[PDB]
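In the authors' numbering, the protein residues as written are 5 to 43. C-beta atoms are modelled at their ideal positions from N, C-alpha and C, and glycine is treated no differently. To start, the structure itself, in structure tokens.
What follows is the structure, given as structure tokens:
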């Protein structure tokens, strides 16, 4: 599985093609408090 790194927001989520039709390029991930794992 893939995972982001650091960003704020660009896309704002998905609806169709965003179901996995792009490379690691996904700044939409506004995460921060990832589960038990490497930060």
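Query: Can you tell me the Cβ-Cβ gap for residue 11 and residue 34, rounded? I've got them flagged as a contact below 8 Å.; Result: 7 Å
Query: How is residue 22 classed by DSSP in three states: helix, strand or coil?; Result: helix
Query: Might you give, ordered along the chain, the residues of its own chain that have their beta carbon closer than 8 Å to the beta carbon of residue 16, omitting 5 neighbours on each side?; Result: 32
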